[PDB]
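Data first, discussion second: the structure below is written as structure tokens.
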Amino acid sequence: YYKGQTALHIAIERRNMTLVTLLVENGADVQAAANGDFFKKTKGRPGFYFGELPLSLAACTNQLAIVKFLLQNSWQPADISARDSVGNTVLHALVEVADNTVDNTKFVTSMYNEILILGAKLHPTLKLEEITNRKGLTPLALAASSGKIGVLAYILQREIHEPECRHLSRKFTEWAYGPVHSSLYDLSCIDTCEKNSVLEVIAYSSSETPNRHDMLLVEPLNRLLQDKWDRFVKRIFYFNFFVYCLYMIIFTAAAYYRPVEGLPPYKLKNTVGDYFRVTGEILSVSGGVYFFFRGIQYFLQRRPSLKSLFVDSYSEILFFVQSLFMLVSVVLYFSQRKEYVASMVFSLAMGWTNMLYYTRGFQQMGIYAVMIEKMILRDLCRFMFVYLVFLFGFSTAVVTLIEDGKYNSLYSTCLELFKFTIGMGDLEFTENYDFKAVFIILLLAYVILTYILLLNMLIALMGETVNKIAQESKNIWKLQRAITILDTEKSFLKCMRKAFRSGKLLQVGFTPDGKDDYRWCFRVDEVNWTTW
Amino acid sequence: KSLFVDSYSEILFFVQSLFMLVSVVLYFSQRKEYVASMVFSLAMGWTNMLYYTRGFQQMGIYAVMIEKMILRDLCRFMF
Amino acid sequence: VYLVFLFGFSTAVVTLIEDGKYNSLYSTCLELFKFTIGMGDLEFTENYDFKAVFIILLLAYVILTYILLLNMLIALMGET
Amino acid sequence: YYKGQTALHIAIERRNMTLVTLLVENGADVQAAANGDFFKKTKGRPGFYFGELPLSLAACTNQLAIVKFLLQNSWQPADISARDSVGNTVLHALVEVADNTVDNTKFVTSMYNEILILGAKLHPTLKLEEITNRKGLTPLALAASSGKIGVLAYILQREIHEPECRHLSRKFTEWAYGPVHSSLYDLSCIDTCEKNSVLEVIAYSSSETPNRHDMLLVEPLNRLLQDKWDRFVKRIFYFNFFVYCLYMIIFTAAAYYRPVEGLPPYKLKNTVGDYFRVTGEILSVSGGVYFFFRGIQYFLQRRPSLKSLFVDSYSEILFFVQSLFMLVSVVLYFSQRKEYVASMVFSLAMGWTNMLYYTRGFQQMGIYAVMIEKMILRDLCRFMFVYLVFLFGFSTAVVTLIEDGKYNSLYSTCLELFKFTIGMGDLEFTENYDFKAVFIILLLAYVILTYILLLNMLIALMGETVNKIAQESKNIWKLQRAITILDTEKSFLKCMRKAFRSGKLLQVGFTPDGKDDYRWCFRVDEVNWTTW
Amino acid sequence: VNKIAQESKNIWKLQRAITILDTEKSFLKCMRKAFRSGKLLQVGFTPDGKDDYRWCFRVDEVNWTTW
Amino acid sequence: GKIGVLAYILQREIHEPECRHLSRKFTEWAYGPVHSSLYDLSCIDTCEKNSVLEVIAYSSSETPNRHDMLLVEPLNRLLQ
Ligand SMILES: C=C(C)[C@]12C[C@@H](C)[C@@]34O[C@](Cc5ccccc5)(O[C@@H]1[C@@H]3C=C(COC(=O)Cc1ccc(O)c(OC)c1)C[C@]1(O)C(=O)C(C)=C[C@@H]41)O2
Ligand SMILES: C=C(C)[C@]12C[C@@H](C)[C@@]34O[C@](Cc5ccccc5)(O[C@@H]1[C@@H]3C=C(COC(=O)Cc1ccc(O)c(OC)c1)C[C@]1(O)C(=O)C(C)=C[C@@H]41)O2
Ligand SMILES: C=C(C)[C@]12C[C@@H](C)[C@@]34O[C@](Cc5ccccc5)(O[C@@H]1[C@@H]3C=C(COC(=O)Cc1ccc(O)c(OC)c1)C[C@]1(O)C(=O)C(C)=C[C@@H]41)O2
Ligand code: NA
Ligand code: NA
């Protein structure tokens, strides 16, 4: 449980610099791994994860003096690149202990900066941030994956002002004339890399990342996504929208002019209209097959966890279900069952409502579509359950009261009471009962209770309008557009290389060795009228 | 005075029971009016499902809103 | 968005209808628009098979339309 | 224009103490009246009113040293009780210059207190606050009339902690045991007096008083009104409500069973039902006459200015109009015109809606009734104008399009288009036209524009829901209840003296002379857990 | 204005608490497991020489300041 | 409904010798930024006559803070 803990860990925990100094002087092993269950993540038990090492323990506890001693003592220096059983180094541990609170973010940022400076000074040829843990994540990738927006924000626009540490910066100042200055953002492992770019990690999160909506608001990421949109993806997205418009028009035309004789499949007549009809049907089935395979590819690549399946990946599910209805329609069509129509129309309806998928790329319409999606996913079940409880209760009461009437059934009475909700309730739809007072009292009570329900729905949804819905929907729309951008880049359709944006600029030209550093920078201009 | 602002669900269940028992009495009294009682109980029997929305945060909150709407505000506007 | 929903469900319903009195985009679009103004018949035709499909489409259209209007209300309230 | 201005006024204006001292030493007249048009209220011209006297000029300009010198010089002491052409003294002038701002209220309060102390010291037998101006108003009554809530609030709970000034206080501390103490408020010229009590002045304001809603929130007034309600007026108000319920029930019964034969008046048949009917009719006419004379008495006593007529005095107008409809019905009845029914039903409808008058006395119901009243008075005309513009425009277009149809008239087409607002629009109500596309386009445009109008009405009214409507309606309800209390006290119905509340208590018993002062004080218990 | 949401949430919490207490009072099978949180020695130094077991509830917290 | 006094008592911790036993909140251990504390639960979970949970839950509705008293940390966590 406490396996691996030794006196050096105890000394660091108690914040006793003298005891740590004596223990290191007396031959304590500064690389000892406290790999007991207490020192692991272990969400189902109490504990504290810090990287299992004395150096990462000192770093995680905001003890800079002990870190400086351990790294560069006289007897046994600590290995700044050491990895624990998970593969995490000190920087990975510092990312892990972040929780996006103010003081935690401040001290974690400061400790991260100090670790980088000391590592560069002691080991100029060591690139700490390129070291990956057993999951293959760098500290930047780990911060992006875990949603540590504070540490991510610090790293992305990190600028270090001192000699022999410029190469560690990721934000550079290219020039400054007056109040205007032009800065450069590094974008290594953000735009693209071998395994885990920041954009890929954020966009393809599992929806359990706490700040997936907010991480994209960090300046270089938002500007990079807007640039990618305007330069490369806008035209391709509009072309896809146009093609989908043509597909849905052809599907609507083919379905509208279906033959009405029974027993499909139908013989092709030697006439122009039927050649157009069968061509449209073939194109409709082809598009359905295309969306079917696209949905399968998406689900295989992402592997949703059946809870992230719906709160994310919503549009992919809708397109896949549309294709499923299309394929079931084809199977029923060739099975000589008229019921294929029942499938086809559903696909047709879905095929038009999925037009809302393309509202992303338009800020306001995309926000409205996001509101619709989240209302369906979050709020619909609660209100529909309560409304259906009231409807079914009063329908059962009324149909029990009715004796051998025209209605006298759950379906007819439920529909007739539902008509009150749409402003079409008759209120005298039958007289096949005794106790007219009971009938009218039940209907009036149902009407009043239904209006109470709808009024409470309105009030309850108004509780979230205090700046929450607008900003939340806007950020969700931005995330959806980012996902669209990344998918479009992955497809790219013509083996084009212009998707690699921001050009190849020289930051310093003086690395720790005599080589230069071209690092694919992105330029951002800013104006500051104070702090001259 | 605390009878309705608290203990609301207990009253609704008790009133459902009262309608059921009146229905039984009318049934064995050879009065068709028992149906008039029974249907009311039936209606209440379904709306009392809202009692079980507690244990679900959002649904329970919505049911609480309905309860307080009826108890607090309904009489003023209906008058 | 409203016209997208209206046209999609109109196309589905008119496709479902066979040789009816309505049986056209104009008539079905108008008849579904009547739901928005509180005049939707909900049984305006029987010239179809699969009554369950017809009623399911109409109920889904009604619920989605009320969701649209409610979200429109909330979105405009966001700026008040 | 500058008539009456002397060198002393100029010296005070320039804030030159030395020049004022020299001028008074050299025989300047400290009672000179600067009664030029520039120094009067004169809302249509520039100027500055200060009371026309050097003493009130110094007081209004926040120059306490000059006030002390003028009152306590050696050569010619200023007359602290002097009155200007309007009859205003220095205290009236200080009330006049108040505008309910923070700094103005602070310095006016301080100057008022200092002048009272100086007047008591120099003239212990002089009661400055009992001096009335030409309008008959004391400084307290003037503050209440003009809506100077800051000065009124200061005066009503004024307490002066020093010997030989206790008699000037209006708030007195009866006892204090621990954190709990009992205060006594004076009530002189608040509960009742000869000419202008504070309650009468506030309640019967012309609606131009800026703070008539807020002045009643000052502690002694709110407590006194609640006490008056609970002790005296609650039962009488409920009795009046019950009597009005009986009156409306009798009127409804008499109107419901009217005979259907033509040509009134109708012969009384020797049968029980007709005796009850004619008795109910006689009682209905008697009540109408009663409300008619009550309305005339109200309008004669108050004399509304035809702008305050509607924004205030709303319920009195509704009751008077009900009585007018009743009397017109009687005249038509005996004139052998069946049109009397047309009048009677309107009165009947109004007779029931005037039940809302009695929602005062119930906080929430009264607030809701106030919301209804203010929505009708303030907002209805704007939205009705815009809606009627749209309705009439589209009705004229549609009826012009219709050619020799069954509708083919402004009334029928306007009614059919109005039906869309209530969820009953046919949308195919006629086919007597050419250009069906034009007809349907006009109707759809009308529907969409009408929903836009209603939605913008909703948003515009929501624009004022940020704590304004609730608090404003609550304060208006409190004012209405105060008016009801005062009217009930004025009626009093049995020559009862119990309306004089709070009992006759001995506040100090040590006036400037050897007399003891009983001042009819109101007791309030307060608890303070700090400032031991 | 932020009032009805929080008020309804707190009322729901109170209603659930009432449900919990009623369920414990019923308990349906003469079960004793409803007495939770276990018997722990808090201090072990009472005013006399005895130790105190007080049936305590364990809660973990993290504070990144006041080291 | 004296929520202030209730909140003070329920999580009372006294840091001095010879008065530790009076504490109802006790710190079991503290490793680093994380620590584990113990709440007493005496007369809260159960007792002879009037437990805190029974008193709060079965109030007459005249208790001013019956809604808010359950938000005190040990009670909310215990109920969950
Ligand atoms: C959530 C699931 C996947 C869902 C899939 C189908 C069955 C759907 O019924 C629902 C259940 C339902 C039924 C009736 C009213 C509301 C909700 O809602 C959606 C789903 C509900 C929708 C709502 O419309 C939209 O969400 C459009 C849309 C918005 C945002 C998007 O990012 C999007 O990407 C495709 C699409 C429309 C239907 O697909 C449709 O057209 C038919 C015939 C039924 C609707 O199931
Ligand atoms: C408040 C009293 C006890 C009440 C009891 C009956 C008669 C009731 O009529 C009312 C009066 C009424 C009638 C019509 C419209 C609104 C209110 O409302 C409730 C009461 C009103 C309701 C409202 O539904 C609910 O409150 C469900 C509910 C919500 C929260 C809960 O904690 C709950 O616990 C059981 C139940 C439904 C009826 O019981 C019902 O189904 C019938 C036939 C009439 C409703 O009287
Ligand atoms: C403002 C004037 C005096 C008014 C007087 C009459 C004609 C009235 O029509 C109005 C015009 C009107 C017509 C139709 C809809 C709205 C407004 O509104 C009121 C006035 C409008 C009302 C509104 O109902 C109320 O104001 C009740 C009420 C609320 C608060 C009160 O303090 C109150 O004291 C009596 C009464 C009801 C009518 O009197 C009524 O019952 C009939 C037949 C027409 C209404 O004219
Ligand atoms: Na309607
Ligand atoms: Na309707």
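Note that each Cβ is placed from the backbone with ideal geometry, even for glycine, and that neighbours are counted across all protein chains shown. Every number here is computed from the coordinates shown, using simple stated rules; none is lab data.
Could you give the distance between the Cα centres of the stretch D:74-96 and the stretch A:178-251, to the whole Å?
If you average the Cα positions of each part, the centres end up 78 Å apart.
So what's the net charge close to A:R277: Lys and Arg +1, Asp and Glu -1, counting the other residues with Cβ under 15 Å from its Cβ?
Summing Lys and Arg as +1 and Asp and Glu as -1 gives 0.
Counting pairs of Cα atoms in the stretch D:1-121, how many percent are more than 25 Å apart?
For the stretch D:1-121, the share of Cα pairs beyond 25 Å comes to 17 percent.
Once you put a point 7 Å from the Cα of D:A445 and another 7 Å from the Cα of D:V345, both along the Cβ direction, what distance in nm separates them?
Going by the 7 Å Cα→Cβ label model, 3.7 nm.
Using a ≥ b ≥ c from the Cα gyration tensor of the stretch D:492-532 (square roots of the eigenvalues), is it rounded, prolate or oblate, where a/c under 1.5 gives rounded and otherwise the larger of a/b and b/c decides, a/b for prolate?
Oblate is the answer for the stretch D:492-532, as a/c is 1.5 or above yet b/c matches or exceeds a/b.
Please work out the ratio of the alpha-carbon Rg of the stretch A:95-158 to 2.2 N^0.38 Å and round it to two decimals.
1.11
Hydropathy at least -0.5 by Kyte-Doolittle, axial extent at least 27 angstrom from the Cα trace: which helices of chain A, defined as entire DSSP H runs, fit?
Within chain A the helices that satisfy the rule are A:102-122, A:234-256, A:272-302, A:314-334, A:380-401, A:436-462.
Sum up the charges of everything whose Cβ sits under 14 Å from the Cβ of A:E472, counting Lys and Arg as +1 and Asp and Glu as -1, but leave A:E472 out.
Here the count lands on +2.
Compute the normalised compactness of the stretch A:424-532: alpha-carbon radius of gyration over 2.2 N^0.38 Å, N being the residue count.
Working it through for the stretch A:424-532, the quotient is 2.46.
Applying 1/(1 + (r/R0)^6) with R0 = 45 Å to the Cβ-Cβ distance of A:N113 and A:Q297, what FRET efficiency is obtained, to the nearest 0.05?
0.60
Just to confirm the filter: which chymotrypsin sites (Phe, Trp or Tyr not before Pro) across the stretch D:31-87 are DSSP coil and have at most 13 other Cβ within 10 angstrom of their Cβ?
Of the chymotrypsin sites (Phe, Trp or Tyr not before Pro), the ones in loops of the stretch D:31-87 whose Cβ has at most 13 other Cβ atoms within 10 Å are D:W75.
Calculate the radius of gyration of the Cα atoms of the stretch D:143-254 to one decimal place, then report Dmax, the largest Cα-Cα distance, as a whole number, both in Å.
Both quantities, over Cα of the stretch D:143-254: 19.2, 71 Å.
Can you give the angle from 0 to 90° between the axis of helix B:34-47 and the longest principal axis of chain B, with both taken from C-alpha atoms, to the nearest 10?
Taking Cα atoms only, the helix is inclined about 20 degrees.
How large is the convex hull of the C-alpha atoms of chain D per residue, in Å³?
237
Please list, in order along the stretch A:506-522, the HN-Hα scalar couplings obtained from phi with the Karplus expression 6.51 cos²θ - 1.76 cosθ + 1.60 (θ = phi - 60°), rounded to whole Hz, x for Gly and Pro.
Going residue by residue, I get 9, 7, 10, x, 9, 7, x, 9, x, 7, 8, 9, 8, 9, 6, 8, 10 Hz, with x marking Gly and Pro.
Can you tell me how the stretch A:68-215 classifies by the Cα gyration tensor, rounded, prolate or oblate, using a/c under 1.5 as the rounded cut?
It is oblate, given that a/c is not under 1.5 and a/b is not larger than b/c.
Using a simple spin-label model with points 7 Å from Cα along the Cα→Cβ vector, what separation in nm is obtained for A:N73 and E:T66?
In this crude spin-label approximation the distance works out to 3.2 nm.
Just how many % of Cα pairs in the stretch A:130-194 lie over 14 Å apart, if you round to the nearest whole percent?
Result for the distance tail: 65 percent.
For Cα pairs less than 8 Å apart in space and 6+ apart in sequence, what is the mean separation divided by the residue count of chain F, i.e. the relative contact order in percent?
Relative contact order comes out at 27 percent.
Starting from the stretch D:115-185, pick out the chymotrypsin sites (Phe, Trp or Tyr not before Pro) whose DSSP state is loop and whose Cβ has at most 16 other Cβ atoms within 10 Å.
D:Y177
Among the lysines, which fall within straight-line cross-link reach of D:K269, defined as a Cα-Cα distance under 30 Å, with same-chain neighbours fewer than 8 residues apart omitted?
Within reach: D:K338.
Run through every distinct alpha carbon pair of the protein assembly as shown and return the Kirkwood hydrodynamic radius in angstroms, one decimal place.
Final number for the Kirkwood radius of the protein assembly as shown is 40.9 Å.
Name the residues of the stretch F:39-80 whose amide N is less than 12 Å from a point 7 angstrom out from the Cα of F:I9 along the C-beta direction?
The answer is F:42-44, F:50-53, F:55-56, whose backbone nitrogens lie closer than 12 Å to the label point.
Which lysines have a Cα lying under 19 Å from the Cα of D:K436, excluding residues fewer than 8 positions away in the same chain?
C:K21, C:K34, D:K406
Taking every Cα atom in chain E, find the radius of gyration and the maximum pairwise distance Dmax, and write them in Å.
Reported Rg and Dmax, both Å: 19.1, 57.
Working out 0.36 nm times the residue gap between D:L415 and D:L493, then minus their Cα-Cα distance, what length gain in nm do you get to one decimal?
23.0 nm
Less than 23 Å apart at the alpha-carbon level, and either on another chain or at least 8 residues along: which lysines does that give for A:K498?
A:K195, A:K228, A:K234, A:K478, A:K490
For the stretch D:117-155 and the stretch D:360-424, what is the separation of their Cα centres, given in Å?
Computed from Cα coordinates, the inter-centre distance equals 53 Å.
Under a plain spin-label model, where a point goes 7 Å from the Cα along Cα-to-Cβ, how far apart in nm are A:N467 and D:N528?
Placing both labels 7 Å beyond Cα along the Cβ direction yields 3.7 nm.
With a ≥ b ≥ c taken as the square roots of the eigenvalues of the C-alpha gyration tensor of the stretch A:223-318, please select rounded if a/c is under 1.5 and otherwise prolate if a/b is larger than b/c or oblate if it is not?
oblate
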